[PDB]
Amino acid sequence: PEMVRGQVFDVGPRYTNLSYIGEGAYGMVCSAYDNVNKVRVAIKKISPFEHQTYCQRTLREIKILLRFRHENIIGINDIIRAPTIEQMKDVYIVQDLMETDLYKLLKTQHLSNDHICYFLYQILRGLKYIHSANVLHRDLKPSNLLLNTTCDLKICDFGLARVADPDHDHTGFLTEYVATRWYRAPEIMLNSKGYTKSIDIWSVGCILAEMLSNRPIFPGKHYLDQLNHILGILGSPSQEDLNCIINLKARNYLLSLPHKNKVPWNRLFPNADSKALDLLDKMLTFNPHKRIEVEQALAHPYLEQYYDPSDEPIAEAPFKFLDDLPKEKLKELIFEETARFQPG
Ligand SMILES: CN(C(=O)CN1Cc2ccc(-c3nc(NC4CCOCC4)ncc3Cl)cc2C1=O)C(C)(C)C
């Protein structure tokens, strides 16, 4: 076994010469030399089995990424694990190695309008595919957009992804939520579980705003502060949009706030392309029913140089598809889902 920053990386024979990339709550990630394909690759050691939510997140990701095949979505190339459930303490997911991500690029680089346009196109092209499979990503943010040296973009991290379920989207006011705060649509805080495709478009809107200025547009410091950052730019919701929020706690909270005027996009983003700002406005619409959909966004004049629906593929096999399952049962499902990659 090779060691990396303490940890064992039981990934040989196939994968050697490991360099440390990073580490998080998920696991540890390295680059490794693939000896069959003669390329360096990413490998993330996941150790989810002692907690049911980490098994949940791991299995969703595996199932989704093995079904999907798209240029703007990270694939799974290989999965390494022990030959028996008993011996399986870790799963290693092998993926194409990307040079950087949009979070790192935005901290260090001014993006040209042409780069913003091309990144946004790629995000939306990937998202068209995801949404065409009846899947929601639910945690779109700069660090989940991987980039290579030629600026090709791939969406990653499907641990919070769900099949869309718009008939069960309603919930109460101030319902707790898992996905990254700064990219949460206003309705999350008001009346939504994040089970509709509109949740992802809001996040993409936030990302486009962040590309224009290198700063997050709505950096809330805590749950309700996120909503009031949103309302500080969008201004007070209209009567019509208020009347769609039937829950009284949520509605009366909004009614209690002083009137706030909209901050014009062209004052927040004085150097931005006007067509970029028109698309931003439509993605960052308060009412999720009025919010632009992914295929409409692709057809927007800002993206005219790239738009080609014949070259913006959809999924062949959408998900028709568990939240109750014990971590011991989810290990079993993870074992089964990864069996195709074993010697056999
Ligand atoms: C939450 N979960 C994850 O796994 C989430 N994460 C963490 C992670 C870390 C790296 C890469 C990655 N990074 C690169 N390159 C980096 C080189 C240095 O600059 C930044 C980019 N290339 C390919 C990949 Cl796959 C992907 C993921 C991912 O999806 C679970 C367990 C699935 C739930």
Check your understanding: Put +1 on the Cβ of each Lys and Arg and -1 on the Cβ of each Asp and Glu in the chain; which of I314, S256, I46 then has its Cα farthest toward the positive end of the dipole?
Key -> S256
Practice item. Taking the Cα centre of the chain as origin, work out the dipole magnitude from +1 charges on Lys and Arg Cβ and -1 charges on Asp and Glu Cβ, in debye rounded to 20. Key: 700
Revision key, fill the gap. With a 30 Å threshold on alpha-carbon distance, the violating pairs from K290/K327; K38/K89; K44/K327; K89/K128; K45/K104; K63/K197 are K290/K327; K89/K128
**Study point:** segment 237-282-segment 166-202 distance, computed between alpha-carbon centres (Å)
**Key:** 16
Practice item. Based on other C-beta atoms within 10 Å, arrange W202, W265 from fewest to most. Key: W265, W202
Study note, to complete from the structure: Ranked on Cβ counts within 10 Å of their own Cβ, fewest leading, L190, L106, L333, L224 go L224, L333, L106, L190
Exercise for review: Take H131, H289, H170, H259 and order them by how many other Cβ atoms sit within 10 Å, fewest up front.
Suggested key: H259, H289, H170, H131
**Study point:** Ranked packing of 111-120, 52-61, 191-200, most packed first, by mean Cβ within 10 Å
**Key:** 191-200, 52-61, 111-120
Point to revise | Cα gyration tensor shape of segment 98-325, rounded if a/c is under 1.5, else prolate or oblate by comparing a/b with b/c | key: oblate
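Computed from the coordinates by the stated procedures, all read-outs in this text should not be read as laboratory data. Here the Cβ is made from the backbone with ideal geometry for all residues, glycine too, and neighbour counts use every protein chain on show.
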